[PDB]
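Colleague: sharing the initial chains of the complex here, in place:
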Amino acid sequence: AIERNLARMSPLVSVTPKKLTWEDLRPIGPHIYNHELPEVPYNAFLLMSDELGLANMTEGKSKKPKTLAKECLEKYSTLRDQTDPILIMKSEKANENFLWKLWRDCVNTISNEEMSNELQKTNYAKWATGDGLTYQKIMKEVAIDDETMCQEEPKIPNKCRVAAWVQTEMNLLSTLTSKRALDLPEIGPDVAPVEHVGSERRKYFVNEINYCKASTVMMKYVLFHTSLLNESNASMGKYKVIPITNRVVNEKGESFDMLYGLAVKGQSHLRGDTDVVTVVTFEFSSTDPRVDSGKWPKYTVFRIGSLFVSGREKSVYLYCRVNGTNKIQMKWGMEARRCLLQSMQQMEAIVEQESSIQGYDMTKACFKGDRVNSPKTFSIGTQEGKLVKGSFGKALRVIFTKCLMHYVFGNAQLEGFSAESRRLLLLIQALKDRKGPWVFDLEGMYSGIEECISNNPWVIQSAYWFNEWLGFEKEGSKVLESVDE
Amino acid sequence: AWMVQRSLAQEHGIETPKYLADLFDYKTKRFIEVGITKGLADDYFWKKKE
Amino acid sequence: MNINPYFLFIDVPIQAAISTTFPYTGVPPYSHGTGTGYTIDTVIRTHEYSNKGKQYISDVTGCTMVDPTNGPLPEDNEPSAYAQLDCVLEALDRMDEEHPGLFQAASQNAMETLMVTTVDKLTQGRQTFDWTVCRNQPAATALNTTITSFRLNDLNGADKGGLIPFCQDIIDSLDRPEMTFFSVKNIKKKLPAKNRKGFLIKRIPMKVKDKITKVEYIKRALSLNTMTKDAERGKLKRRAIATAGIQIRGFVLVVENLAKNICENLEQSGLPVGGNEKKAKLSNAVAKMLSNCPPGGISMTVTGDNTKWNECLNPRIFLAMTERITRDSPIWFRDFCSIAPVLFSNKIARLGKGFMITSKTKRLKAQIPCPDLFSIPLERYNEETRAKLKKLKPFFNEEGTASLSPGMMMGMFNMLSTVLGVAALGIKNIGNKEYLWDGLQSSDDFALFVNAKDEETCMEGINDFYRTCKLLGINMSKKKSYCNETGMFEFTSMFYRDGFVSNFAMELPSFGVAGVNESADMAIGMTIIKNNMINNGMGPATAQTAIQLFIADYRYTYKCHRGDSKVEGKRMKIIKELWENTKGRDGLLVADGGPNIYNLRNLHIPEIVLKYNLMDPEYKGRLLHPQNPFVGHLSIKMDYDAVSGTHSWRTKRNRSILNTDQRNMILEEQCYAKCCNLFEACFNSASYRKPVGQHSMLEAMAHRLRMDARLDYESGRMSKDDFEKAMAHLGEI
Amino acid sequence: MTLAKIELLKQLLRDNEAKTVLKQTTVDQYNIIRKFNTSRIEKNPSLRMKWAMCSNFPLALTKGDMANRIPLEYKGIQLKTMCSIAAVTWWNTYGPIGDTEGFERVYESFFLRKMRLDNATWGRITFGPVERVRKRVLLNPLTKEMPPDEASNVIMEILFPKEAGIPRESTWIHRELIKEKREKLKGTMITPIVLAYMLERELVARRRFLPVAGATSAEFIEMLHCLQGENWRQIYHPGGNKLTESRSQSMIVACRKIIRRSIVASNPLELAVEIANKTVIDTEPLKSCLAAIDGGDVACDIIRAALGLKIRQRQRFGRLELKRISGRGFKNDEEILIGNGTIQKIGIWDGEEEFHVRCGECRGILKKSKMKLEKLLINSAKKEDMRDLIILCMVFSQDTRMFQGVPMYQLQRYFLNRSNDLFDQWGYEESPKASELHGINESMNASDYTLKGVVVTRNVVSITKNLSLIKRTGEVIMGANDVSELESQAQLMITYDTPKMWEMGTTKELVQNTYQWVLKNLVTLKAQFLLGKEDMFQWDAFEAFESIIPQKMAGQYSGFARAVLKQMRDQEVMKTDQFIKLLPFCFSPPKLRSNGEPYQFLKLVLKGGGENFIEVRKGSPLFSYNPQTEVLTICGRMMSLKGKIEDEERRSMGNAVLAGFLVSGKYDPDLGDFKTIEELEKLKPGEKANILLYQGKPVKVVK
C-alpha cells in the first residue's frame, strides 16, 4: 500500500537534496552592514566597560549599603556637592531637571544622618518612576459600546546595524585588571589526590577570571540584583534609593569598596513574575558620550567634575537613564555567578584531554608552559585583516565574557539566533572535516536565523563575527581542496 | 478482620494463623474456625486438619 | 586587535566546544498577557493542513469536524495531515513481522496492569483541567471533585477501588440527561480603596452547586484548557500548549503503557530509555551501522527534525493503531484502548482569556472574553488578529470555544507516536533500490542512517523516507533538518562525534538552589555537583568551584552566612550568638553559619552525618529534637539523602491573591487534613503504605479504636473507668 | 492515647462537614483526599524560595506543645505571628535539648558511608585514556537485597506489625533480620515514617545506569565521581569488609585479562607469571585470591598452574556449584528453537562430562553428554535444595526437553520460579529397585514413577609454555583458547603493580597509548627506517597492540602493512601520517598470499564493537588526519604533526594505500567503475585501475 501510494503521489512532494559547499554559505544577516539603518544602542541594565567606581578604603568587612555609599561620597566631596552641572547629552523623551532633582535627592538622602533610604514621592520622582501610567480596567459591557477602543498593533523590535561599541565591550571586559571582585567561600581540606589537582587547577583558572574586568562587572550585577530583589519585596509601596556597590581586593590584599553610582527603585507591587519595577540608574563614568554618540541615545549624561588620574584631570560624567526589570531578570542576576562554571568546565575539558596525551597534569603547560611543552595558544581574534594568537588564559576570559554577555543581553532574540545558527555551525564543521554535508532547504535555515537578528547588540555583533570567522575558514578551505587530487 | 486477628495474636503472645479465622474466644486464647457441611461432619473435619 | 569568540572554533571543533553555543546563563523568554492569539494560530494551522479532506457537522456535540485521514494526497511540500490507513497498517504489519509476539504481549501487560491499577494512580500528572471549576488544578484536587460530583448523579465506581469501574462511570456519565456537581462561585464584595476609582472588588470564593445539560457536559468532558508556554529555550516566538481533563487521563495511561511496552523492545526507540541507558543504547545502534556499511559504499546520517508534529498527526490514525495492536486481546480491552483516541478525535479547544482592547487617548483597558469575542466589529481588532478571527468562524462555538477534530494541540501520546515514527524506520527499503535506511526516534525528533553504494542513492533513500512519512502524517522539516556522512550528528540535543560528547550547559540551571528547604537543598546541591562529575564531564577544578558557588548562593538565599563574618541581618544577629555559644564550631551546619567541610570525596555523605562527631551535645539535641514544630506532616523529579532535622521545614501555601479572601477554600482543605491526620494516628502505616478497603473510612477507625480499647483494658493500660468511657463514646458512633 | 483518639473522633464527627467526609470516603480514597491541595503547583520554586526569604514570615509552624516555646519576638526580631527564618535559628540556639538516643542505629546506613571513606586509603592518580562502559550498577550497598514488594512487607513487620494483613512467606524467610532491627529500632523517639525510609534505603535496591571502568561494586559506585573521568584514573581502596563473591568476579576478570595479553608474546607463560605476581585485586594480591577462594573458572586454573598452586576445577552456575570429576567440554554457538517459539544463539557444550555436584545443603553427582541428562545421582535433603538441584542440573546440561518447554542465566531465572513447565515436558520412568537407591516425583517426595534420569541414593598437573595444562598421561584439561572472550567489568578495583599497566587495558586505551608512543619517538623511528630493514617492526610496545587485533587477521595485516611501508622506504614516496597509522600492525608474523603478494585491505578491524577500526584510505573513529592544520585526531584527542612533516609531502595518498601500487595519473572514465579488493588483487603487474580514496577524491593507480 505504501509503494502503490508513493508511485501515485505527486513527484513535486520531495526532500530536494543539495550538496553543501563554501560558496553556498552566504554571510548571515546582510542588513546589519547597511549604514541606512541606525546602529544598535546600548541597552544593558547597568554600565560595563564604561563604569567608574569611586574607590573608598576599608577594613575589609561588611557594612550597611547607605553607610558605605555615604563614606564613598564623603571621600570624593567635590562630586557629591555639585549643584551647578554641565549637561553634555540628553535622551529624546528624558527630562533634564527631573533627573537632576532626583540625583540630588539620592545624594542628599544617602548623605544624611537618618537610617531611612526612602525618597519622597515627588513630581520629579513620580515621572522617572512612572506613576499612574497604567490603563484603567473597565467592564466588558462598557468597552464593547465604546467605538474608540481597539486592539493595539504590537511593537516589533527595531532593525539595527553593527555598532562598534559591542566589539569594544568584548575587548575591554576580556582584559586583565589588578582588582579581584569574586566572593568565593571556603571548602573542605584536600585529602584525595584529585582534590589536590583540582585545587591546584583553581589557582590558575579562578585567578585568571577573577583579575579580569568582566568578573568585576559580573559581581556588580549580582550584588545589585540581590539587594534590588530584597527591596522590591520588603518595600513595595515605597520609592527607595539603592547604591550600586561592589567590594574589591588588589594583588597585595588591601580591600577597596567601589561605588559605581546610585539607583532609584520605583513602586514594586510585583505579583506576577513578568511584572515590572522601574529603576532609574545614575552611574559614574570617565567615558565622553560625544566620542561615540550612537552608543548613548537612551542615556542623559551630566558632566559633574573631574579626578586626577595620570597627570591630568579626566572628566567624570554622570550617565542617567530610566530603566526597568522584573522578578525573573533579578533572580537570574543573582545566579549570574554560574558564568564561571560554563567557561571553566569548557576549558578544563581541554586541559584534561591534553593531560591524557602527555600523561601528566598539563595545567601549567597550557597557561605558562614548561620544560617539555610550549604554552597553549588559541586564535583569539583579528588585527588589520589577519589572525592573532592569544594565550590559554585569554581564551578562558573570552569565553567567560561570552557567557556574561549571554546574561546581559539574554532574551528571545539570542535564544532563537544561537539555536538556529547552531545548525549552520555544525554544517561548517562537516565541511571542515570533509564529510560532504547536504541540505534540504538552505534558505529555510537562514529564515530561522535572520528573523532573530533585530536590535540585540550581542546577536548583531555575533552575526558580524560569524561572517568574519566564516571568511577565515573559507580561506583555509583552499588548502584541503588541493589535497591528493 | 486481619487487623483484629493480628492485634489479638500479638497482644496475647501467640503465632498468627496463616488463614483468615472466623472466631476467637478471649478466655481460651485460641482462634476458632467454623464450618457448615451437608453430609458427614468428620469428612469435612479432617479436610480442614490438612 | 579585535577579539572574536567564534575564532575559538578554528582550534577546537564545534562538538568539543558545544557548551559555549548554549546561552543558558541568560534569562529564558517568558510569555506576556493573553495566549488566545497563539492558540487560534494552532487551531487555524491544524485545520489548514487538513482542510482538503472531509468536513461534517457532529450530531453529538454540534461542532464542525474535519477529517484528513484517507484524504487527497499532497502535491506540495507543505505540512500534510492526509494520512493513509493502508500505509500505516503496512508499516505496523512490517513491525509485527520483525517483532512477533510483541503486539499481543504488550497488550496483556497493559491489560493485567489495568486490572491491578487503582483510582489513586491518577493523582500524579501535574496540572489537570478540572471540568467542574473550568480552570487548571492539581491531579489529586481535580480527581476528588469529580468523584464527589459523580456521587450526586448515582455513579459510585470510584468506591469499588479499581480504575475500571471509575472509567466505566466516565463513559456512562456521557449518557446522563443532566449532571449535578459541586462548583465554585465568586462573591463580589465592595470596599473603599485609595486608587483612581476609589473602590475594591474583594472576591470571596465558596463551594456551591450547578447543573449542566447532556450536550453541554459532553463538551466540558472533551475540552482542553490552553495556555502559553513560559520559559521555552532556544526559540524566538512563543507558542500555546493544552491541558486535558480528568476523564481522558485514565484511558491515556493505558494507551501509553501499551506503547511503552512496545517501545522498550524496539531497537531504534529513544523512549522510554533515558540518561546513561539511552547513551548506552544509541552508541550501540550507531556502532552497527558503521560496520554494516558495505566496502566502498557510504553511510550517511540525517540530523532529523519534524515540523508541525502534534498539528498534523490525527487521532483517527491513533485509533487504528490501537485496533491493530490489540488483535488477540479480548473485546473489552480493545474497547478500553479505543476510547482515548475517540475523545481526542471529537475534542474541543478552549481559547484562554481572550483579547485586550485599549484607548491610548483615554488610557483605559478592557479584556474581551471568548464568548463575547465577535460581539464587536472586526475592524476594531488589529490587522493580523482580524485575519485569524475570520478563519476561525467555521470552527467557532457559541460558548467561546473552538472545535478541533484533527491534530493533538499538545498530544499526550509520546510513546504511541514514537511507535508510529519507528514504523516508518522499519520499512528500510522501497522499490528494492540500492540502499538500506534505519534510524532513531524519540517522538518528534529523529535521526536517519542511510547505507548505500553512492551518495546520489543515499539522498534518493532520504527522499523516499521523506515521502513515506507524509503518508503517515509525519512532516520532515527541510528547513531545520540536515545531513552528512556518518561520524557526527544530533539527536534530542545530544551531539555525536565518533562518540557522544558531553554538554555541560544543558544541566547548568540545576546547579543553583533547588527551592525545597535548607537541609534538602544542601543534599541536592552536592548531589547535582556529584552527578555532573560522573555524567556531564565536569572536572575536579570546576566541580570544586561549583561547591564554592553553591554555598555562596545558599548563604545569600537562606541568609545564613558564616558566624565569624560581620554580615548584618535578622537571622544573622542570632547566628553570631550561636557562633560564640557553640564550642565545636566545625560541628555547626552551613544553615547555622558553620564552615563548609564539603569537598569532592564527601559529596555523597549527608552534612548532619558528616559533622556528627564534631557537634556539641546541646546543639545536636536542639537540631534533632524528635517532636519539633518545624518538621510538618511528611510522607515517603529526583531523590536525595538527608537527615530530617529542624532545617527540614515547609513553606506557606500561596493563598494571598489579588484581595481574594480564601477562608472557605482553606476550610475544605483543613477538613480533609483533619480527617487524614486522625486516620494516620489510628493507622500508623498509612503514611508509609497505601491503605486498602472499599468499606467506610470511619468503619476502619471505629473497629480499630474498639480493639485498642479492649486490649488496653485487659493488658492493664486503662483503668475500669476509662474503658467504660471509651466504650460509651463508640456506642454513639 | 486510645482515649485521646476516640474523644477527638467524637468531637470531629459532631461537625456535619467532617461527618459527610468520613462516612462517604472509602479507605481506598484516603490516598486521594490526603493530596487535596486547592492552591496551585509551583512552576518556579527556585524563584519563589528566593522571593519568600526576602519577605518576613515565609515559614509555617505545626500547632503543638513545643511550638509555644518560641516567643513572639527576640531582641527586636519578629520570630512568629507562621514564622520567619530567624525562628529556626532561635530553636537551635535557645530551644529544648531533646532526646537523640538511637540516632546512630536509625541512620546506620549513612554512617557506613562515612567509615568507608574515613578508613579508605587513596592510591595514585594517573592521567591517560579511559574507556567508560555505561552499565547498570547498584548505587549503594544494602543490608539484604529484596524486591520492593517483599521489602515493604519486612519493613511492615518491624514497624507496624498490627497492620500487616495476610502473613506472607517472606515473614518466615527474613525472620532473623526482622528480630534484629526490632531490637535496634525500639528505644528511639523518631517518627515511624523516618525509620521506614531508612530501612527501605538499606533493603530496596537502587540500580541505575552509570559510566563504569573497572569498578562495578556498590562501595565503589558511591565514590564513582572521584574514581575516574574520561581522561584520568584514580586508585581508591574503600574501607570495611568485602564480599567473597565480589572478589571472585574480579579474580576471573583479572586472570582473563592477563591471558589475552600474554598469548601474543613469545613465551606466554613467562609474562603470565610476571604480571600475575604483581596484580592486586583492590588490596589483596591475585596469588592470595586464587589460593583463598575455592572457585574461579578456566582462566584462574591456568594462572594457578602458572604461579604453582592447586587447581580448583569448579564451575558456578548461579546458585549451583559444580566440581569436575572427569571429562572435558568445548563450546559451540548453535541456534536452538525454544518451546515458546523463538530463535536464540546459545553456546552448547560438546562431549561427555562428569561433575561432583553441590547445591546449598543437598549434594550429588552429574553425568551428561551433548544436550542430554544421562544420570543424576543425588542425596536426601530439604525440599527447596533438592528441587533447585534437579532444576539447575537440567538447565546446566542444556537438554532438548529443557529447551522445548517454555541466555543461560535467563533460563535459570525462569525455571527457578516456573518449574511446572519443565517437570511435565521432561517425562517419567520406573524407579530403581535396589536397597539403597530410591526415586522421587515432582513434589520432592518418595515415589515409584521417578523423573527420567534422576535417582536418589542414601549414600553420600603441569603447565606448558603456551598456557595449557597437561596431565602426567599426556592428556590436556585446560587450554589458552579454552577461556571465554567475554571481557566483562570487574567488581572490585584491579591494580597492576607494574610500569606496563596500560598493556592490560581496553581497545581504545591501547590504540591511543600505542600511537602516542609512536609520535613521541617519531624522530628515531622515521630516521632508522632509512637504515634498519626489519629492526623497528618487532618492538616491545607493539606486542600490546597485537593483542587487540583478532588472531585470524593479525598476520594478514602485518604482511599488508610492511609491504605498504616498504614502498615508502624503497621508493621516494613517503607519507608520515600513513607511517604512523600502519606501523603497529607490523609486529605480528606476516602472512602473504599463495602468489607472494600480501592481502589488500580497506579497513583494519579491531576487537570490541563496530566502532573500533582503522581505515587505510579514509579517516576513522580511532584514527584520522587533517593536513590543513596538521592535527592528528586519535580517539577524540588531537596531537600536532607540525615540525615533523617533509616539504615534498604536500604527494597523493594512493601511493601508500595498496601494496605494489602507484599513482600514474587521475580518474579515467574509459576504464569504468572503481575496482574492489578482489578485482585489484587479481590484476596483472603493469595494469591500470580506478580507485576511490575517500568519497570525493578518485585516483588512477597502476600495479
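Modeller: Happy to help now that I have it. Numbering: from 1, shown residues only, chains lettered A, B, ... in the order given.

Colleague: for the closest residue to residue A:135 other than its chain neighbours, grab the count of nearby residues.
Modeller: Leaving out its chain neighbours, the residue that sits closest to residue A:135 by CB to CB, 6 or more residues apart in numbering or on different chains is residue C:365, at 3.8 Å. From N, CA and C alone the C-beta is placed, and that goes for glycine too. For residue C:365, the neighbour count with other CB atoms under 10 Å in any protein chain shown is 17.

Colleague: for residue C:365, list the residues it contacts.
Modeller: A:135-138, C:356-358 (CB atoms under 8 Å, 6 or more residues apart in numbering or on different chains).

Colleague: and it, backbone torsions?
Modeller: When read as degrees, to the nearest 10, the backbone of residue C:365 gives phi -130, psi 160.

Colleague: rewinding a little: any of the contacts of residue C:365 buried? List them.
Modeller: Listed as buried from the contacts of residue C:365 are A:138, C:356-358; burial here means 16 or more other CB atoms under 10 Å in any protein chain shown.

Colleague: tell me which of the residues you listed is nearest to residue A:70?
Modeller: Closest approach to residue A:70 among the buried ones among the contacts of residue C:365 (CB to CB): residue C:358, at 44.5 Å.

Colleague: assign that closest one to helix, strand or coil.
Modeller: What DSSP: H, G, I helix; E, B strand; the rest coil gives for residue C:358 is strand.

Colleague: residue C:367 is in contact with that one, correct?
Modeller: No. Counting by CB atoms under 8 Å, residue C:358 stays clear of residue C:367, with 10.3 Å between them.

Colleague: who touches whichever residue of the stretch 251-400 of chain A sits closest to chain B in this structure?
Modeller: Closest residue of the stretch 251-400 of chain A to chain B, CB to the nearest CB: residue A:273 (49.4 Å). Counting by CB under 8 Å, 6+ apart, residue A:273 makes contact with A:326-328, C:30, C:230, D:44, D:47.

Colleague: the longest helix along chain B and chain C, are they touching?
Modeller: Counting residues, the longest helix found in chain B (DSSP state H) is helix B:2-12. Yes. Shown here: helix B:2-12 in contact with chain C (CB under 8 Å from any CB of the partner chain) through B:3-4, B:7-8, B:11.

Colleague: ok, now RNA strand E:
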RNA sequence: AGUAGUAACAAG
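Modeller: Putting RNA strand E together with the chains above:
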C-alpha cells in the same frame, strides 16, 4: 516615560 517585544506591566 521605561522595561519589554507579536502583549503585557507601569498596583488591585
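
Colleague: thinking again about what came up before, flag every buried residue along the longest helix of chain B.
Modeller: For helix B:2-12, a neighbour-count test (16+ other CB under 10 Å) marks B:3-9, B:11 as buried.

Colleague: helices or strands up against the helix or strand following it?
Modeller: Downstream of helix B:2-12, the next assigned helix or strand under DSSP states H and E is strand B:23-25. Applying 3 or more CB pairs under 8 Å, 6 or more residues apart in numbering or on different chains; DSSP states H and E, one finds that strand B:23-25 makes contact with helix B:2-12, strand B:30-32.

Colleague: let's have these in TSV, adding distance to residue D:460.
Modeller: Shown next, in TSV, are those (distance: least, CB to CB, whole Å):
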stretch	distance to residue D:460
helix B:2-12	42
strand B:30-32	44
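
Colleague: residue C:28 looks like it's in a helix, true?
Modeller: No. Assigned with three-state DSSP, residue C:28 falls outside any helix and is coil.

Colleague: that one: how many residues sit nearby?
Modeller: 19.

Colleague: just list the residues touching it, thanks.
Modeller: Going by CB under 8 Å, 6+ apart, residue C:28 touches A:415, C:231-233.

Colleague: please repeat the previous calculation with a cut-off of 10 Å.
Modeller: Residues near residue C:28 by CB atoms under 10 Å, 6 or more residues apart in numbering or on different chains: A:328, A:332, A:410-412, A:415, C:230-235, C:509.

Colleague: what does chain B have sitting close to chain A?
Modeller: On the criterion CB under 10 Å from any CB of the partner chain, chain A has no neighbours in chain B.

Colleague: pick out the residue of chain B closest to RNA strand E.
Modeller: Proximity of chain B to RNA strand E (CB to the nearest atom of the strand) peaks at residue B:3, 51.7 Å away.

Colleague: pretty sure that residue is in contact with residue D:27, am I right?
Modeller: No. The pair residue B:3 / residue D:27 is not scored as a contact, 11.2 Å apart, by CB atoms under 10 Å.

Colleague: for residue B:22, see how far away the residue located most distally from the centre of chain B is.
Modeller: Here chain B reaches farthest from its C-alpha mean at residue B:39, the gap being 21.9 Å by CA atoms, centre = their mean. Note on residue B:39: its distance to residue B:22, by CB to CB, to the nearest Å, is 21 Å.
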